[PDB]
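Chemist: Dropping the structure in here first, questions after.
Coordinate-derived values only; no laboratory data. No Cβ is skipped: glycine too gets one built from the backbone with ideal geometry, and neighbour counts run over all protein chains shown.
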Amino acid sequence: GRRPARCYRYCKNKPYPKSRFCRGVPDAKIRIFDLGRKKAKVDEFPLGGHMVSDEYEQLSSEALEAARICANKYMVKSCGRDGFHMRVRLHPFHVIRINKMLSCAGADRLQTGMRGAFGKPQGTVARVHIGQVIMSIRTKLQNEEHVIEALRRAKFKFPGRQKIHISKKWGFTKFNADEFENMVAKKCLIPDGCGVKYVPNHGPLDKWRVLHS
Amino acid sequence: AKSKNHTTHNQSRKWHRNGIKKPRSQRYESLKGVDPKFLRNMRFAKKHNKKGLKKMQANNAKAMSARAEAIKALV
Amino acid sequence: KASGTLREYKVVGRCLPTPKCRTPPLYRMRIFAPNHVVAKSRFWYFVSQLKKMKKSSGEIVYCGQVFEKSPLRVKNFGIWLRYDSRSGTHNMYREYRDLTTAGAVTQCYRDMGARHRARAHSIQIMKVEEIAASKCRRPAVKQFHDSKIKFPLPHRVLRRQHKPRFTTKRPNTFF
Amino acid sequence: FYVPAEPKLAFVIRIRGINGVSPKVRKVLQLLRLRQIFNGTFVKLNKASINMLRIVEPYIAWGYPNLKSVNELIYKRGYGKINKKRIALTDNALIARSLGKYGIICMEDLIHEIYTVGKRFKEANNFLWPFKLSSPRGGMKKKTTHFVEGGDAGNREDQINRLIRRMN
Amino acid sequence: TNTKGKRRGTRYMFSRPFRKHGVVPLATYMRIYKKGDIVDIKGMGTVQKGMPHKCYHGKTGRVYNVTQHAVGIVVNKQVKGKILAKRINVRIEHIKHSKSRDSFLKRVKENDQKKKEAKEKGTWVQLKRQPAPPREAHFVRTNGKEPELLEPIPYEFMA
RNA sequence: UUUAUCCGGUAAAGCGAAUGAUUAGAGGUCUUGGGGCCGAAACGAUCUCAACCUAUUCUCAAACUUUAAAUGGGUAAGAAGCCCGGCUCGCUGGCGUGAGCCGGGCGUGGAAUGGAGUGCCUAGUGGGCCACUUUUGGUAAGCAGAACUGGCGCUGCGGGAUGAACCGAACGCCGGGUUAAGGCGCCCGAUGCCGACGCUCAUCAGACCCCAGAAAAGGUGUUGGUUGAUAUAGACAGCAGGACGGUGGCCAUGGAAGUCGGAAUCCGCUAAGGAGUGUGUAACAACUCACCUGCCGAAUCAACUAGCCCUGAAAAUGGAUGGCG
RNA sequence: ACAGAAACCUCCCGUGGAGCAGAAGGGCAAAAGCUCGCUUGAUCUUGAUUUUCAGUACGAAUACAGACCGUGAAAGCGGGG
RNA sequence: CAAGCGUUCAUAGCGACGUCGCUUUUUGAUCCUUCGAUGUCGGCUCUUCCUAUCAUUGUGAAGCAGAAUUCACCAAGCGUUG
RNA sequence: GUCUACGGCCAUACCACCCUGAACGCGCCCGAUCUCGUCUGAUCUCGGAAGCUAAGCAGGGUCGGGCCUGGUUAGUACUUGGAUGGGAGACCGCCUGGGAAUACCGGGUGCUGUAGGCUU
Ligand SMILES: [Mg+2]
Ligand SMILES: [Mg+2]
Ligand SMILES: [Mg+2]
Ligand SMILES: [Mg+2]
Ligand SMILES: [Mg+2]
Ligand SMILES: [Mg+2]
Ligand SMILES: [Mg+2]
Ligand SMILES: [Mg+2]
Ligand SMILES: [Mg+2]
Ligand SMILES: [Mg+2]
Ligand SMILES: [Mg+2]
Ligand SMILES: [Mg+2]
Ligand SMILES: [Mg+2]
Ligand SMILES: [Mg+2]
């Protein structure tokens, strides 16, 4: 199946992205990077819970798979099938290699050892830096503890270590949460489904004329 | 019977033991390499400097006696 | 950075004048170090973290010791902290009950070493501040903290165990 | 406030020996004339000089000498380079015999040009043969690390005089 | 092993910089060079005739020859030690006037001037350059404020 | 090394900048579709999914790049240089250019160091190895392969118990002094400091760069913090009373009247009782827990975080912080 | 008009997203691309230099000079691509 | 870690998706040692040692009533055949 | 103030739209006899001078896109040297020096060269 994540834990070799230069890559295991009610609004989910890495390491595609599922399962739960949104923010992008298992039959007669040591693609892997986010969840301010425990269970599908952190942003935006309501009325910010559009004092005046009209 | 394939390992030491020498440049370097139509002319300029040495010699005494007069008028 | 007995070398310094701004501001920090040369150097470590200023583009104006105004009167020092543990970096408040601000953080540097194995290069002193009787949270300091203070010295071991290295009388430990 | 003058004179000692030393390091240290371990020279502080001490800082220990430190070095351990010889400065007819063309005539006139850096520091501090100082009585702190982290290397403003007592 | 090809690895060197692909500006072939003048070679992709070779790209050298649209030029090229003063033929599009020379000849025109004058006086002027000296003790004056107190700020995990 | 001055496409960064990947929604019959559902059909309505694109957003690139370092590579810092005067030309041209010559006129041109230049013969070598950092294969190697410097080979000495290569330091033969890296209970020179301040007790203690041993995960073992709690309107804990009524509530009946499970789902007595934490009972009951009381008199509680010690922790001639301890 | 996602014609937009015999990489717009007319600089001849480098060859290339020409009003360009 | 199996019930016994290790009784990789040769498979015999315990002593667990049986702990004393 | 001819540096000059152009010129414009070229006097070549600023061009305008420059991001990312620093390791801290890039905020929007006009 696959070597234990031990061997592909450290970022040794330069990124090997899937391109015309390596082909035949087995399709990444994890597929769906966000679930829950991705049809939510910004105005009804103010809790940016994060799971932040603390080590410069790799994350296997199949790990991001279980870490998502086991968080979907302590969520829809205490929260309910509508009361959250889960984001995976690491797309397995760098291709991991395997010298061809040094396959032999019986005892052996020959393997060539190391001639053409360069190996095949085996799977995919995410590159993670210190202080870079892996998963992020958003719910109501009511439901804080259940974001903490759902991310606390996903830590156990990951190598290394990672701190759980609750953000000062509003949901998934980049805007400090003490300021949202102020920048919504007077329209420094305009609801755009999940995200939100920052409208500056830059463009044509008619672009304003739509707002404050 | 595999072997090392290359290295520049202590080479910096070797060619700096006698201290890499910027090429010693003299005045009057060689004209070899200059385009022939230059030389084919400048050799005629050099070959007939003498025809016209009388002008040069008398006109030298003119300024030599005018500046022997210029340094004596200062005196 | 290393230690000794720490001292309160306060420093001020400006970013030396360019043609555009001719009178830059002055900054005094309460740097806290064993002599001049390192008290100058701990300055540029803290001003480079706060201002866009370097040892090249600046100059120290005044370096001089500030020495305790009440050295014969015991005081309660709280001191806010920030160090670097093996995992992250954490903030603290700790209390020490000695009678000189310098010695009070000489004690603190000894504890982060003793209780957290944090060497001096990891620690940052936010601000030392002497406190009144109340406002003291640590009961390790809060216990002396009275009038009719009273101990015996119960199990008083003898040093001088190598003055006479051989003796007839077994020692005593009660006094 | 007052900002005293940037020191113009700094007396540099080498504090680590000679093996396992970088290429660029080894060139500087033979321009400061700190060839053998543990000797010292008066370098004149200057944008180019200062930027040569930065580059050999893990090897040296320099600082701003005071007057008594200048005397001690020049008298007790002061030898003059005459005819490419380390000749002891026993009488001052040896100093005038080399430096008389600069108004320097005596043991005391040398010290002017060494303290108040002066017009002739180039010839004064190049007829002085590098001072060969003993080991530091009492020991160093850490030959490897820099002064600021409890070591011995690099610059120590004005604290170098304690290092010149125990090393004369 | 790698290939000896004349233009290997120049993928990024001879490339016209950005938003400049096109007609060579006509100034670059209407400034004059005469023997002795110092020149810094800098290749260029658009003109391929008369290109230099990548080991001279970035190097300076004096001029010794001038043909109709090229310039013979002597540079130094270091090879495993011994430096060889070798002369190459480079069309003008890959050449500039190096102002490296021109700081001096302006210190010269000024030195020669400041010596002819102040000679009728006899007052000796500082002709030599001199490196940046110690910064010359001064005063600082705060007027009516004490300095601003700086404190290292308490850490908090941003993310 | 400064002072000028060119050269650079790596780290980083960016992808709302090209190229290449790629997530999400909002926006769009853009186009169009393939299924639908309501339509005979209808850009009709409502969906849907596909592909595109209008503002956005998540994440990437060694063989991508708007940007863009650090270290680094060139030159230049004068006498072979400037400034005048004049001759020569088969080149160049409306004249002049340009170069070449002769003749005069003028000196320390950044810091620091050191005597420089040049020619002959020529031995040995052409298996290399290691370490910091960078880095290519490989899962990894005391593996294979590069860069940069340093070593070892070619080289002893002090130190690391022992030891090519680590740390100090490079050896003419000696007397005195003093150090470096290391040390200073005993082996074993040196603490036979009246040394500071703490931490930890191990039925597997711990005990020093290379180096020779351990992980996730735990642990009211103890010590510090961090944050949030609770409280003289008397808590916490302990010992006493209730924990009900509207109510076999509703779904589910196979039994769920509170309780295998779920939509839920609030009032009355209120002091307080959740249409219920569980024990269980086919279901209750009975018991209990939230919740609230009775008694007591002041600090208590919870989640995290880190230090040390414990768990995790299993190998073979007896046994190795060098030993003793 | 027959004519449909594709024939042909016309306008508008079009920094290159095409093309430049081939691998890629650079370079290219009243061009180096495409279409025409005229052609043989793919010719004869010394040297100098670059590239691999020992700073030897071979190959390939870069500037010139001397002839004979091609082309264009011409400046120029051209001794294979 | 825990989604699940176990009538009910995560953890009696189990345990997916993941993840951290030990081990040198497997095979590999590698080529440091030996090519002026270390006798290169098994079986026979004989000793000793390890515990990653199959039995027996003492025990805690069970979806342990008894019987039987799995799970675990101190444990290598003595066994382990024709 | 401005244009025309030939330009240099090549967006502070571009692009999109909006408004105003006195006189000289630039242009649109009117013809195909000759010169020349086309399937076509559409372009090119030529002979013109009846009209008009409709457009190019010039000049402005836009909380305009772009570019040009500053600020911030940030002494952050990264890095030259250094340690018998930390950490099982990944990596991380400090000392000695150098020091970026977006998003986000500001400001600017062609400078001139020679020769000739016009505003006499
Ligand atoms: Mg050494
Ligand atoms: Mg070292
Ligand atoms: Mg490159
Ligand atoms: Mg051999
Ligand atoms: Mg010819
Ligand atoms: Mg062609
Ligand atoms: Mg079940
Ligand atoms: Mg080998
Ligand atoms: Mg034998
Ligand atoms: Mg056991
Ligand atoms: Mg017409
Ligand atoms: Mg118009
Ligand atoms: Mg108009
Ligand atoms: Mg704009």
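Chemist: Using Cα atoms only, what is the angle between the long axis of helix E:107-116 and the major principal axis of chain E, expressed in degrees (0 to 90) to the nearest 10?
Modeler: 60 degrees
Chemist: I've got another one for you. Sort out for me the Cα centre separation of region E:32-93 from region A:64-92, rounded to whole Å.
Modeler: Comparing the Cα centres of region E:32-93 and region A:64-92, I get a distance of 65 Å.
Chemist: Sticking with this one: Describe numerically, in nm with one decimal, the distance between label points set 7 Å from Cα along Cα→Cβ at C:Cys136 and at D:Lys47.
Modeler: Between C:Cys136 and D:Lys47, the simple spin-label model gives 5.7 nm.
Chemist: Run through region B:3-75 and list the trypsin sites (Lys or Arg not before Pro) located in a DSSP loop whose Cβ has at most 13 other Cβ atoms within 10 Å.
Modeler: The qualifying sites are B:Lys4, B:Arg17, B:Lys21, B:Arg24, B:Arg27, B:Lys32, B:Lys50, B:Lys51.
Chemist: Another question, then. Taking every pair of Cα atoms in the protein assembly as shown, average 1/r, invert it to obtain the Kirkwood radius, and report Rg/Rh to two decimals.
Modeler: Rounded to two decimals, Rg over Rh is 1.05.
Chemist: Mind computing the radius of gyration and Dmax over the alpha-carbon atoms of chain C? Å is fine for both.
Modeler: 21.9, 84
Chemist: To continue, here is another question. Among D:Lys27/E:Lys42; B:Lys47/E:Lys116; C:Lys10/C:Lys75, which pairs are too far apart, with a Cα-Cα distance over 28 Å?
Modeler: Correct reply: D:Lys27/E:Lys42; B:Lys47/E:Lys116.
Chemist: If exposed chymotrypsin sites (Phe, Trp or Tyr not before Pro) are those in a DSSP loop with at most 12 other Cβ within 10 Å, what is the longest stretch of chain E that has none?
Modeler: With a cap of 12 other Cβ atoms within 10 Å, the longest stretch comes to E:19-103.
Chemist: Return the loop-located trypsin sites (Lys or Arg not before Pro) in region E:61-159 (DSSP other than H, G, I, E, B) with at most 14 other Cβ atoms within 10 Å of their own Cβ; answer none if there are none.
Modeler: Counting only loop positions with at most 14 other Cβ atoms within 10 Å, the trypsin sites (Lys or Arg not before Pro) in region E:61-159 are E:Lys80, E:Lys82, E:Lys99, E:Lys106, E:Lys119, E:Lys121, E:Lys128, E:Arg129, E:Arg135, E:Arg141, E:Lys145.
Chemist: Looking at the square roots a ≥ b ≥ c of the eigenvalues of the Cα gyration tensor of region E:10-90, which shape do they give, rounded for a/c under 1.5, prolate if a/b is larger than b/c, or oblate?
Modeler: Oblate, because a/c is 1.5 or more while a/b does not exceed b/c.
Chemist: Find, among the chymotrypsin sites (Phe, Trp or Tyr not before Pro) in region C:69-130, those assigned to loop by DSSP (not H, G, I, E, B) with at most 14 other beta-carbon atoms within 10 angstrom.
Modeler: Taking region C:69-130 and a limit of 14 other Cβ atoms within 10 Å, no loop chymotrypsin sites (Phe, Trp or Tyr not before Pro) are found.
Chemist: From the phi of every residue in region B:34-45, what ³J(HN,Hα) in whole Hz does the Karplus formula 6.51 cos²θ - 1.76 cosθ + 1.60 yield, where θ is phi - 60° and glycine or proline is x?
Modeler: So the Karplus estimates, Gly and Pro as x, are 7, 4, x, 5, 5, 4, 3, 9, 4, 6, 6, 5 Hz.
Chemist: Check E:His97: other-chain or 5+ apart residues with amide H under 5 Å from its amide H, H built from backbone geometry?
Modeler: Those qualifying (amide H under 5 Å, at least 5 residues apart or on another chain) number zero.
Chemist: Angle, helix A:61-74 long axis vs. longest principal axis of chain A, Cα atoms, 0 to 90°, nearest 10?
Modeler: Around 40 degrees separate the two axes.
Chemist: Let me ask something else. Could you pull out every residue, at least 5 positions away or on a different chain, whose amide H is within less than 5 Å of the one on C:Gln124? Hs are placed 1.01 Å off N in the peptide plane, and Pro or chain starts have none.
Modeler: Here the answer is C:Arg82, C:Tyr83, since their amide H atoms fall under 5 Å of that of C:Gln124.
Chemist: For each pair in A:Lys14/A:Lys100; B:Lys55/E:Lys114; A:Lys38/A:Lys163; D:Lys47/D:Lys84; C:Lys54/E:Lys109, compute the distance between the two Cα atoms and list the pairs where it is over 27 Å.
Modeler: In this structure, B:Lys55/E:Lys114; D:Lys47/D:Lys84; C:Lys54/E:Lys109 lie more than 27 Å apart at Cα.
Chemist: Report the gain in length on full extension from D:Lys27 to D:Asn168: 0.36 nm times residue separation, minus Cα-Cα distance, nm rounded to one decimal.
Modeler: Difference between extended and current length: 48.1 nm.
Chemist: Another one. Can you work out ³J(HN,Hα) from phi for every residue in region B:13-18, in order, using Karplus 6.51 cos²θ - 1.76 cosθ + 1.60 and θ = phi - 60°, giving whole Hz and x for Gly and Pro?
Modeler: Coupling constants for region B:13-18: 4, 4, 6, 10, 6, 9 Hz.
Chemist: Moving on. Along Cα→Cβ, 7 Å out, is where each label goes; now give me the distance between the ones at B:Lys51 and B:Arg27 in nm to one decimal.
Modeler: The two pseudo-label positions are separated by 3.0 nm.
Chemist: Taking the simple approach of a point 7 Å from Cα along Cα-to-Cβ for both D:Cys106 and E:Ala118, what is their distance in nm?
Modeler: Modelled inter-label distance: 3.5 nm.
Chemist: Just to be sure I understand: if I project the alpha-carbon convex hull of chain D onto a plane and average over all orientations, what area do I get in nm²?
Modeler: 10.7 nm²
Chemist: For a test of the definition: using alpha carbon positions, the gyration tensor, and the 1.5 limit on a/c, classify chain B as rounded, prolate or oblate.
Modeler: oblate
Chemist: With θ taken as phi - 60° and the coefficients 6.51, -1.76 and 1.60, list the Karplus ³J(HN,Hα) couplings across region A:149-161 in order, rounded to whole Hz; mark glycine and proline as x.
Modeler: Once rounded to whole Hz, the list reads 6, 5, 6, 5, 6, 6, 4, 7, 9, 10, x, x, 9.
Chemist: Using Cα atoms only, what is the angle between the long axis of helix C:101-116 and the major principal axis of chain C, expressed in degrees (0 to 90) to the nearest 10?
Modeler: Approximately 70 degrees, to the nearest 10.
Chemist: Let me have the 222 nm mean residue ellipticity of chain A computed from DSSP H runs of 4+ only, each contributing -39500 (n - 2.57), with the sum over all residues rounded to the nearest 500.
Modeler: Result for chain A, helices only: -5000 deg cm²/dmol.
Chemist: Going by Cα centres, region A:160-186 and region E:104-140 are how many Å apart?
Modeler: Result: 62 Å between the Cα centres.
Chemist: Among B:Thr8, C:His36, D:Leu94, flag the residue with its Cα farthest along the positive direction of the charge dipole of the protein assembly as shown, charges on Cβ as +1 for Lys/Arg and -1 for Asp/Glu.
Modeler: B:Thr8
Chemist: Moving to a separate point now. With a ≥ b ≥ c the root eigenvalues of the C-alpha gyration tensor of region E:59-159, is it rounded (a/c under 1.5), prolate (a/b larger than b/c) or oblate?
Modeler: Oblate is the answer for region E:59-159, as a/c is 1.5 or above yet b/c matches or exceeds a/b.
Chemist: Mind checking the mean number of beta-carbon atoms from other chains within 10 Å of the Cβ atoms in E:133-139?
Modeler: Averaged over the peptide's residues, the number is 6.
Chemist: Another question, if that's okay. Quick one: check the C-alpha center-to-center distance for region D:14-65 versus region A:95-151, whole angstrom.
Modeler: A separation of 51 Å, based on Cα centres.
Chemist: Tell me which residues come under 5 Å, amide H to amide H, from A:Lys163 once H is placed; ignore anything under 5 positions away on its chain.
Modeler: Excluding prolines and chain starts, which carry no amide H, the hits are A:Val52, A:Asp54.
Chemist: Can I ask one more? Between D:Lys8 and E:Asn76, what FRET efficiency comes out of the Förster formula 1/(1 + (r/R0)^6) with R0 = 35 Å and r the beta carbon distance, rounded to 0.05?
Modeler: 0.35
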